[PDB]
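Heads up: the structure comes next, in structure tokens.
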Amino acid sequence: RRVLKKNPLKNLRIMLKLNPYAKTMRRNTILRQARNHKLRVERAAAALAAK
Amino acid sequence: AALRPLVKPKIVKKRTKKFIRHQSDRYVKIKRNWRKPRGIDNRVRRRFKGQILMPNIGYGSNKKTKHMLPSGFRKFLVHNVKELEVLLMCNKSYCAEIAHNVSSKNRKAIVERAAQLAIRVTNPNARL
Amino acid sequence: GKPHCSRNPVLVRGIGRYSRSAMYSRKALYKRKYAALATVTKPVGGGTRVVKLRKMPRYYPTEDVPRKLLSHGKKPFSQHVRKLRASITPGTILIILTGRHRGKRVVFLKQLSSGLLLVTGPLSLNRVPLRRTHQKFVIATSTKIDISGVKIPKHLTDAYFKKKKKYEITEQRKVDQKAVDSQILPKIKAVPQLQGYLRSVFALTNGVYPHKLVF
Amino acid sequence: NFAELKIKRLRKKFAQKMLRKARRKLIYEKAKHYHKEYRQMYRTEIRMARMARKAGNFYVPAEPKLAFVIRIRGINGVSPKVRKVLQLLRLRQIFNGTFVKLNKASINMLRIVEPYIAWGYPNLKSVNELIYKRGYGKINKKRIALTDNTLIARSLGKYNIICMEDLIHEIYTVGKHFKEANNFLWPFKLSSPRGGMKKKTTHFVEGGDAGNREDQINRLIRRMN
Amino acid sequence: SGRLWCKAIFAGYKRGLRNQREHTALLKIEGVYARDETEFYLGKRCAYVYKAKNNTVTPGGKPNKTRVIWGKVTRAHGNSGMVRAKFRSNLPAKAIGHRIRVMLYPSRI
RNA sequence: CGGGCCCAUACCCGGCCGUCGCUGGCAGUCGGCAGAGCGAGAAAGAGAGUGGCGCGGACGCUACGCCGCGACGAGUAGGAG
RNA sequence: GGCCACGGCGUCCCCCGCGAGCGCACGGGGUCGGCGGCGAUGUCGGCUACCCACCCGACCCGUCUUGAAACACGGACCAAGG
RNA sequence: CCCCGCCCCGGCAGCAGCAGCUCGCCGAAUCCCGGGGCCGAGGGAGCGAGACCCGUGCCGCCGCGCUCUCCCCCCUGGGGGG
Ligand SMILES: [Mg+2]
Ligand SMILES: [Mg+2]
Ligand SMILES: [Mg+2]
Ligand SMILES: [Mg+2]
Ligand SMILES: [Mg+2]
Ligand SMILES: [Mg+2]
Ligand SMILES: [Mg+2]
Ligand SMILES: [Mg+2]
Ligand SMILES: [Mg+2]
Ligand SMILES: [Mg+2]
Ligand SMILES: [Mg+2]
Ligand SMILES: [Mg+2]
Ligand SMILES: [Mg+2]
Ligand SMILES: [Mg+2]
Ligand SMILES: [Mg+2]
Ligand SMILES: [Mg+2]
Ligand SMILES: [Mg+2]
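Residue numbers (this note's numbering), protein chains in the order written: chain A, 1284 to 1334; chain R, 89 to 216; chain W, 44 to 258; chain Z, 12 to 236; chain E, 223 to 331.
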């Protein structure tokens, strides 16, 4: 029977079913963004302390 | 305790009004039985705004619910007792219907046999 | 073997923090490598009989429905993840909006296992007893009570509060209410005018617009 | 006996499972390789422009070889020649999209169809969103949604493109089998442009929507998806 | 012991200049005069209350003359504070310019 | 000249009706005399041999029948079913 | 310091074919193993059919004609024949 | 106020800036969270033993966690972790 199409841009497991590398790509993106945010906030804190 | 069918889906009808013949309200010689307008200048035929609608094929009902009575069964006309063993094995999907010509003494027997066989009758207390 | 908590912390829903071989190393799979009724005899008083624990049906209907295609994500109501609004914390003052107690300011205590809020209300203040309410049909005002130093009896739950079947108030309900209300009253007597605020009733008057007023 | 027949069947199933795992690893590594290749492509042009600016000269990038074309006007009142070229471009309905590779012949055809289309140079993100969100295949002359990699493999494996990742790779960096990939792709059925159009009847340069947006077609795609 | 429902006026139906779509209703809530100000009322359920000749049953009371058609505020309309409402039965055309009760309890505050 | 907003039977998603195409699928309901399959990227065997207790298993197929995939739907004079 | 579709022995030539279990789910189209009320002479249900009101739309059919609502012709109404 | 040359483009913040608006184009150089509305089409997809078996109704692809190795930590045999 006809299958229901699901949007891979919004559906993580469908995106993985069509491209398994998306998982590691997204994990790297999330980790890098978290690290960058932490660096930015600590740099701002150090700058305001040094003010 | 009326008998229930096997399944009772939600019957959806794309239209409940009837398609009346054009301009039948203005005349008595014209019945409401639908006739397709064929005039060269007929606005109903040309499908102008705000006019009488025509019976397209897109109005056809669902095949799963087509001919289903509001009770959930489908009618079958029966004239005597021997035509109820026909519905014996279509018990939960099909009901019986006694003809207008059957007399009271035979309607009683048909109703009794149908009650025995658990076949639903849509006009069980017609004449008495 | 003794079970262990999952070694893969979640980053977001569905994505673990560590990679596949990182988990391989953490689980240490390198050193864990591995390699390759129906009838009961019941005695009878000539010989013995064999009894069938399952007997074939004695009546078959005229017709039967086919089976259903089976899906995956559908769960019973008992195990849905239950959420609460951030503006609602134990001790906040709510406004009932639906029932016979509509418009009465009350006190929030806890959220039950069915997702229904457990509201107390002081009987001496606004005649609202230990009651369940729905999270949606309330308004969370910005007024809190330091309720953390209050103990709610464990035995009171959804099974307790559910309707049974003229209604009579049981002594168990009365004593539970007495305990909880005696525990809660002094803590709200410490806030000036709060008892009067709880005793009053919320209503809308001329020119008063709900979307303009901070609740 | 059946004792060894059962084990033969189980061995066959195990072989299928191992082959499937091998294919999964292959497509995963291919996706990673394509990611690195895209990153190199994107940094190389910037580096060349920077070195040209340092040297004081100018670096003219290679003119784009891929285009995305959208039919803007409707079906009523069309010249026969415009109609024929639209039919050849596979835009038989309003708001259909189609990738086109750009050469002299295609550019002249687009110049003919200039009043009836809006087109430009799509981004890698544009290609990805179009392929995943609204990507359908032409399998046994049927419009079939690409809900798994086997549909692409069975119809394009002969060209050594196995997954939607290297399908997107071919479409973006047009290769030896871009013609076959595009013909496999059914014309994209985009929606109405959310946020409104400027003017359907006029060229982009005069503030309308016809003509060739260079890289505003990416904004148009974002709105039409 | 007071009003717990906001005041709204059934302005008219969803329409163009020459076509009317009866399944959607347009409402003026008082005090809201901006699209960015209508956000509070999205999803709130609304009711139309009227009287008839003979009695009908009421939840938690003896039958009386009152009848109600229920609805729900779907999304905003225009820039001046209109909203769109969808009722389980299309509002009668005699209710143009009459009071529609807009409730508060489907709340997300 | 700029944001926002309103709506056609147009476009997108979904349901239902019919037509067209796949000149698609189903005789495999082969059950204790039995062993459940033909959907999956890449031709062709669930091939045969020769030497080194408890008695059980839904519906179906008026084959002019039933079922599944996609696309399509204006219409006078006129033609056909 | 951080990351990974890295994970055994055996030699020969190059440079340098079947592990067992469990369980969770963004996974080939919705379920609740969730609830609340009201019902005997006045109430419940009846998308259709009878009357009325309101909003929007809406010129009288057939016919010749490039062009018909036409200040173009045929037509009071009904039944039977055609 | 605007200009020249030297001082490491004089140095220090930061950086298409939450001094939420002085001026762009973006996302393989992109991810997370939340709210409103509409919809629920289909109905025997099998799983495991197997001539030693006649169970079962969670099944396929896809993404995972735990045990068949052994230690240690926290909060109360249970859960959370290294
Ligand atoms: Mg004409
Ligand atoms: Mg035109
Ligand atoms: Mg808009
Ligand atoms: Mg009153
Ligand atoms: Mg559609
Ligand atoms: Mg059409
Ligand atoms: Mg036609
Ligand atoms: Mg009018
Ligand atoms: Mg008129
Ligand atoms: Mg004439
Ligand atoms: Mg003339
Ligand atoms: Mg005329
Ligand atoms: Mg005139
Ligand atoms: Mg005359
Ligand atoms: Mg004449
Ligand atoms: Mg006359
Ligand atoms: Mg006659």
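We put the CB at the ideal spot given by N, CA and C, even for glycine.
- Candidates W:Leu173, W:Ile139, W:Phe258 and W:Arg145: which alpha carbon is nearest W:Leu152's? W:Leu173
- Determine the direct distance from the alpha carbon of R:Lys101 to that of W:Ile139, and round the result to whole angstroms. 42 Å
- Leaving out the 5 sequence neighbours to the left and right, which residues in its chain are closer than 6 Å to Z:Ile142 when beta-carbon positions are compared? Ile179
- Item | Member of W:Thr82, W:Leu155 and W:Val251 whose CA lies at the smallest distance from the CA of residue 169 of chain E | Lying before the first or after the last residue shown, residue 169 of chain E is absent from chain E, which here runs from 223 to 331.
- Task: Counting only the same chain and skipping the five closest in sequence on each side, list residues whose C-beta sits under 6 Å from that of residue 377 of chain E.
- Result: Outside the modelled stretch of chain E, which goes from 223 to 331, sits residue 377 of chain E, for which no answer is possible.
- Would you tell me roughly how many angstroms separate the C-alpha atoms of Z:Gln27 and Z:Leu167, rounded to the nearest one? 21 Å
- Task: Under the assumption that Z:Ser117 contacts Z:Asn229 (Cβ atoms under 8 Å), give the Cβ distance between them as a whole number of angstroms.
- Result: Between Z:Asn229 and Z:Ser117 the Cβ distance is about 20 Å, and since that is not below 8 Å, they are no contact.
- Message: Tell me which residues share the same chain as Z:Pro126 and place their Cβ nearer than 6 Å to its Cβ, disregarding the 5 neighbours each side in the sequence.
- Response: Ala221
- Message: Once the 5 residues before and after residue 286 of chain W are set aside, which same chain residues still bring their CB inside 8 Å of it?
- Response: The displayed coordinates of chain W run from 44 to 258. Any statement about residue 286 of chain W would go beyond what the structure contains.
- Message: Quick check: Z:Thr109 and Z:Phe189, are their CB atoms within less than 8 Å of each other?
- Response: no
- Task: Quick one: measure Cβ to Cβ for R:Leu91 and R:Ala206, integer angstroms, because I've assumed they're closer than 8 Å.
- Result: 7 Å
- Since W:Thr184 and W:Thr248 are thought to touch, with beta carbons under 8 Å apart, how far apart are those beta carbons, to the nearest angstrom? Actually they are not in contact, since the Cβ atoms of W:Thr184 and W:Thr248 sit about 17 Å apart, beyond 8 Å.
- Message: Mapping the DSSP letters down to three states, classify E:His245 as helix, strand or coil.
- Response: strand
- Query: What three-state label does DSSP hand E:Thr296 in the structure shown?
  - Reply: strand
- With 16 as the cutoff for other CB atoms within 10 Å, does Z:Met175 come out buried or exposed? buried
- Item | Alpha-carbon spacing of E:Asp258 relative to E:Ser302, whole angstroms | 10 Å
- Message: On the CB-based measure, 16 or more other CB atoms within 10 Å of its CB, does residue 216 of chain E come out buried or exposed?
- Response: The first residue shown for chain E is 223 and the last is 331, placing residue 216 of chain E beyond what the model contains.
- Query: Under three-state DSSP, which class holds Z:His214?
  - Reply: strand
- Task: Rank W:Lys187, W:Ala129 and W:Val124 by C-alpha distance to the C-alpha of W:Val150 and give the top, closest one.
- Result: W:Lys187
- Between R:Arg123 and the rest of its own chain, which residues show a CB-CB distance below 6 Å, the 5 nearest in sequence each way excluded? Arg109
- State buried or exposed for W:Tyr103, treating a residue as buried only when at least 16 other CB atoms are found within 10 Å of its CB. exposed
- Task: Answer with yes or no whether the minimum CB distance from W:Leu113 to chain A is below 8 Å.
- Result: no
- Span of the beta strand (DSSP E) holding W:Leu152? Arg148 to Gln154
- For E:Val279, I'd like the list of residues in its chain whose CB is within less than 8 Å of its CB, leaving aside the five on either flank, ordered along the chain. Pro285
- Going by DSSP, name the residue or residues bridged to Z:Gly108. Z:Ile81 and Z:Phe199
- Query: With a Cβ-Cβ cutoff of 8 Å, do R:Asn211 and R:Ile186 count as a contact?
  - Reply: yes
- Task: Report the partner residues of W:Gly59 according to the DSSP bridge assignment.
- Result: W:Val53
- Item | Cα-Cα separation between W:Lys207 and W:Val218, rounded to whole angstroms | 19 Å
- Item | Beta carbon of Z:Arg82 nearer than 8 Å to that of Z:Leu113 | no
- For E:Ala274, does the three-state DSSP call read helix, strand or coil? strand
- Complete beta strand (DSSP E) runs within the segment 122–201 of chain Z (minimum length 3 residues, chain order): 128–131, 147–149 and 154–156
- Compute every distance between the C-beta of R:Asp129 and the non-hydrogen atoms of ligand 1, then say whether any falls below 7 Å. yes
- Item | Exposure label - Z:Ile232; buried when at least 16 CB within 10 Å | buried
- Task: Measure from the C-beta of E:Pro314 to each C-beta in chain W and report whether the shortest distance is under 8 Å.
- Result: no
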